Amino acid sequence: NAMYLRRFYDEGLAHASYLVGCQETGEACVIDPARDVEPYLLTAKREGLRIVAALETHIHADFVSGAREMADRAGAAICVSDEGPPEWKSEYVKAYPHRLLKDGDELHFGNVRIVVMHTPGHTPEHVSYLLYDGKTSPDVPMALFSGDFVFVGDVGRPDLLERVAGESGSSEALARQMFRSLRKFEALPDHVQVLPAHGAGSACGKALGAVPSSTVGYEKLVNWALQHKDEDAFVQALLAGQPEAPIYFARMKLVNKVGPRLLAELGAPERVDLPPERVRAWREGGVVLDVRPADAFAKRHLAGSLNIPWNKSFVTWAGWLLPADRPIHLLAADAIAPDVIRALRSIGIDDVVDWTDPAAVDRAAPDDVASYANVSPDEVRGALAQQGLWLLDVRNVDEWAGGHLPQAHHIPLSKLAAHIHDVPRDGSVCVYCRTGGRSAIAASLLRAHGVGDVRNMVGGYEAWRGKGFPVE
């Protein structure tokens, strides 16, 4: 069928994007491109395609859209919904070849025929793209690029506008539009593929699938959202139990609405040599991010630096904990710095001034460096009897309810920066989570606030429960 389709996935943001093309003519497009557009351009070249447009399903709350980046670097047409109210219009696209899409509009790239379906719910302007193969079967639909409207096993959350943008009563209103939009979904043929914009682990929904795609037919049978017949009842279900809204989501709606800065305009973070001499002025010059494993970070790190270890969770916590309005100095191994930078850029932390291998902490000065203690539950249990410790549980509200350490204080890591003043600087603070990931990060925050004595409980609540130690 000379039709090309490919799915690109960002494991960190849980974000799916697509490159769709006609192999006969080569015309192609990208649906919800990441900011870093290189994988698309590179794949298109190899596959003999040319990206002529970039389609956004919605104004994204969790990552910077690569629509403009494609507009610029491949000369493509910026194709975005014009179905939102005046306050959710993308007027910047007018400085480019562009399309302001309405319900029923069609986009043609060779034999690729795409039809626009206005599907409000996640957002007011949200649209999904229905795909047909014009060569073989022009009136038979093949796939729906469902955006954050319908997921595998879930539908998009309607409450982001109320939480980050401050729009009163919009969660209810959008929840209702989600219910109406779902009726348009079930009117599609069962065979149609469902290709969403996010997957397992995204904050844009409550229980997404670790299976990359589904079908209109399957979702009608199994998706919780599609079993509801009372709208009132559905609103109820939809608003309950959604994850916390990361604070940086407000920034993304703005950036993606107004037009992100072009990666060429920021330029390359330079690789600096950092001898012990230069360290303090580097520490004083901005926020120091150290992406080493916590184990190593805990023994020796630059005082006041922040540890978000390089792994699947990086971009989540970068998002929760790093500011956009401050220059970042990065400690990162040469092999991975470029990836880390990309990840920062993917969620709009643009101002990374320079970076260097974290071996620079080795020969650094005594008044430039710091440490925290990795401790075992056995140690924590001894300090328990005479109440030597001020215990901090940084797990989620729900994990805390099932049981915590005795006399433990609860601040989840997502909220720690706000309530950090509540932690006593002169006390012996001992911090834990389920297994040791979040705590490690929390520990770096605590030190940077000024809490001198900080311990991290290796193995966490599970290691403690595991040892038969008592819980309240």
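All residue numbers are counted from 1 along the displayed sequence.
The stretch 445 to 453 shows the higher mean C-alpha B-factor when 445 to 453 is compared against 11 to 19 in the entry. Comparing 225 to 233 with 336 to 344, the higher mean C-alpha B-factor in the PDB entry belongs to 225 to 233. Comparing the C-alpha B-factors of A268, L392, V211, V315 in the entry, the top value falls on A268.
Per the PDB entry, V423 shows the highest C-alpha temperature factor of the residues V423, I31, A28, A34. Sort the chain's modelled residues by C-alpha temperature factor and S137 lands in the highest third, per the entry. In the PDB entry, a CA B factor belonging to the middle third of its chain's modelled residues is recorded for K45.
In this PDB entry, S168 carries a Cα temperature factor that places it within the highest third of its chain's modelled residues. Sorting the modelled residues of the chain by their CA temperature factor places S181 in the middle third. Compared with the other modelled residues of the chain, the Cα B-factor recorded for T119 ranks in the middle third.
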